[PDB]
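Every number for a ligand or one of its atoms is a count from 1 in the order of the listing. Along the sequence shown, residues are numbered consecutively beginning with 1.
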Amino acid sequence: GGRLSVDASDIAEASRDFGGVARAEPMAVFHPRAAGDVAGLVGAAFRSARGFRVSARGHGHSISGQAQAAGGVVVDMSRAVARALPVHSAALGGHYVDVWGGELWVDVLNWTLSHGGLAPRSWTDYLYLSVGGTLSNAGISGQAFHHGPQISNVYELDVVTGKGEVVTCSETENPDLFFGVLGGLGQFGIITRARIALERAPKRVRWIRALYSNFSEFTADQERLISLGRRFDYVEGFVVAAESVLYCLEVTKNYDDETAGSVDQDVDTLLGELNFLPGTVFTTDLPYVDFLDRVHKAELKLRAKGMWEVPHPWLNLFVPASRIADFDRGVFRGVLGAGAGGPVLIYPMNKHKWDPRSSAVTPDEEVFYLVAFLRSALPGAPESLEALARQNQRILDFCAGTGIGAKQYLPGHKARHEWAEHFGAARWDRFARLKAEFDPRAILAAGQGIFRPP
Ligand SMILES: *Cc1cc2c(cc1C)nc1c(=O)[nH]c(=O)nc-1n2C[C@H](O)[C@H](O)[C@H](O)COP(=O)(O)OP(=O)(O)OC[C@H]1O[C@@H](n2cnc3c(N)ncnc32)[C@H](O)[C@@H]1O
Ligand SMILES: COc1ccc(C(N)=O)c(NC(=O)Nc2cc(Cl)cc(Cl)c2)c1
């Protein structure tokens, strides 16, 4: 059904990612038409003498070669095929949609909006990411404190295991595979279908930004907002340079024709309870799609300046809320106190919205922060990348030296002792047992560098 390609442009694309550093080349790129084609290719890898590497590639947004299959085959999941319409279930008390694992979230959104004005409840900041790609990590943005990550908003999957078997799984059917695959770093199979939870979409968004010079007030306000009854629909934050540091609180209030009459007062009532710097509230009113696509708009401006296809040594940490104050002292004021620049995100989430049965690794605390160092290197300047990589190592050394129980999100670990420390004994045992069962020859997502063939 599918076709193997040796087109130099296809090989080149499959040999790189957004990080712009890892460059392991496959032998060929596979273009599947359906799940059976993926199953066929993985089955052939499983039965082969050498057991060649197979990795699914979503939109290639990995930072350190996680979707690369050195001397093997990269499955281009991007894909004429007919899409499933959203469905209502009286039993689940809501809607869902089945999507191909390679579908981009921006295309899922456009589809669900045009078919009943429905949308996923939990997002990433950037929608040109694949469903299977975010579901293999977590998929987080300003809605996760309330709805949980995208891995907490999926009902069912079809997975092609490392043995080339197509398996339908959910909480009630093959749950070990379902929960293993969710946040599973592509280690147990390729997601060919995901059943995404949907809600009736808002039409518009009241997008607010407010400034803080006091980090204690900033974090106290973020933590109070995520515990909220009247509440914001989105809670994020970012660190801003003086032109020493400021913190920007970023919130939204979603609304439609029915709630348009109460949005101004809901916002004013919520903002009144906060302690941001007076006169620093910036507001925008825009369609829901436009708000969700905000990072793609930043992307177009970077592409125009030749500032998009540069190295991205991005670092993402989950930091226990009990250690966030020390974190600002030694990192935002200490280590960072730049390259082409880029955002430094910071916002808390509620651990109870994350199912503990999944493969996702979070700190052992009820409230934890995402701290995202999204700094880009200068174009064609290798020394800028090297200086940023040294800064990233200083941040990790800071966490290690003061015993901050931080965990990397999209973990860039390479050594077995680093992976054992990341997971901890209980989670590592569960992870290794799932690998022995679903990918014994370690064919899948070998670019993650967790397992090697036996
Ligand atoms: C580049 C980028 C990334 C990003 C983001 C904004 C940008 C500009 N915003 C994010 C956000 O707000 N929140 C968040 O949670 N993540 C965000 N990211 C990171 C992004 O989630 C990751 O890069 C992720 O890997 C998804 O990206 P993509 O769709 O491109 O997937 P990939 O890089 O090619 O592959 C990642 C790993 O998963 C395996 N894989 C890929 N597809 C599948 C399927 N269908 N089934 C199973 N495994 C799959 C790859 O082999 C690789 O190991
Ligand atoms: C230059 O590209 C930009 C510009 C702006 C943003 C933003 N405002 O969120 C943006 N946001 C992200 O990339 N967020 C994101 C990126 C990763 Cl890799 C992981 C997670 Cl938790 C968040 C990227």
Should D125 and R294 count as an ion pair when the cut-off is N to O under 4.0 Å? yes

Sequence-distant partners of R441, salt bridge (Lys or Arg N to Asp or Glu O under 4.0 Å), two or more places apart: none

Pairs of nitrogen or oxygen atoms, one from ligand 1 and one from the protein, closer than 3.5 Å: please tabulate them with distances.
| unit_1 | atom_1 | unit_2 | atom_2 | d |
| --- | --- | --- | --- | --- |
| ligand 1 | 12 (O) | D125 | N | 2.7 |
| ligand 1 | 12 (O) | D125 | OD2 | 3.2 |
| ligand 1 | 12 (O) | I140 | O | 3.3 |
| ligand 1 | 13 (N) | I140 | O | 2.8 |
| ligand 1 | 15 (O) | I140 | N | 2.9 |
| ligand 1 | 15 (O) | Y409 | OH | 2.6 |
| ligand 1 | 23 (O) | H61 | O | 3.3 |
| ligand 1 | 25 (O) | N137 | ND2 | 3.4 |
| ligand 1 | 29 (O) | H59 | N | 3.4 |
| ligand 1 | 29 (O) | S130 | N | 2.8 |
| ligand 1 | 29 (O) | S130 | OG | 2.8 |
| ligand 1 | 30 (O) | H59 | N | 2.9 |
| ligand 1 | 30 (O) | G60 | N | 3.0 |
| ligand 1 | 30 (O) | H61 | N | 2.8 |
| ligand 1 | 33 (O) | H61 | N | 3.3 |
| ligand 1 | 33 (O) | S62 | N | 3.0 |
| ligand 1 | 33 (O) | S62 | OG | 2.7 |
| ligand 1 | 34 (O) | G58 | N | 2.8 |
| ligand 1 | 34 (O) | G60 | N | 3.4 |
| ligand 1 | 45 (N) | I191 | O | 3.0 |
| ligand 1 | 46 (N) | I191 | N | 2.8 |
| ligand 1 | 48 (N) | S136 | OG | 3.3 |
| ligand 1 | 51 (O) | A56 | O | 2.7 |
| ligand 1 | 53 (O) | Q66 | O | 2.9 |
| ligand 1 | 53 (O) | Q448 | NE2 | 3.0 |

Say whether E103 and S130, considering side chains only, have a donor N or O and an acceptor N or O under 3.5 Å apart. no

Contacts table for residues 385-400: side-chain donor-acceptor under 3.5 angstrom, sequence neighbours left out:
| unit_1 | atom_1 | unit_2 | atom_2 | d |
| --- | --- | --- | --- | --- |
| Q391 | OE1 | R375 | NH2 | 2.7 |
| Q391 | NE2 | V335 | O | 3.3 |
| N392 | ND2 | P313 | O | 2.9 |
| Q393 | NE2 | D397 | OD1 | 2.9 |

As a test of reading the model: which N/O atoms of the protein lie under 3.5 Å from N/O atoms of ligand 2, and at what distance?
| unit_1 | atom_1 | unit_2 | atom_2 | d |
| --- | --- | --- | --- | --- |
| ligand 2 | 9 (O) | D125 | OD2 | 3.4 |
| ligand 2 | 14 (N) | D125 | OD2 | 2.9 |

Donor-acceptor pair, side chain of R121 and main chain of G148, under 3.5 angstrom: no

Donor-acceptor contact below 3.5 Å, side chain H31 vs main chain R3: no

Look at the rings of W354 and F318 and say which category their plane angle falls in: under 30° parallel, 30 to 60° tilted, over 60° perpendicular. perpendicular

For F327, the option from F368, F332, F215 that meets ring-ring contact (aromatic ring centres under 6.0 Å, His included): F332

What about the rings of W105 and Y128, do their centers lie closer together than 6.0 Å? no

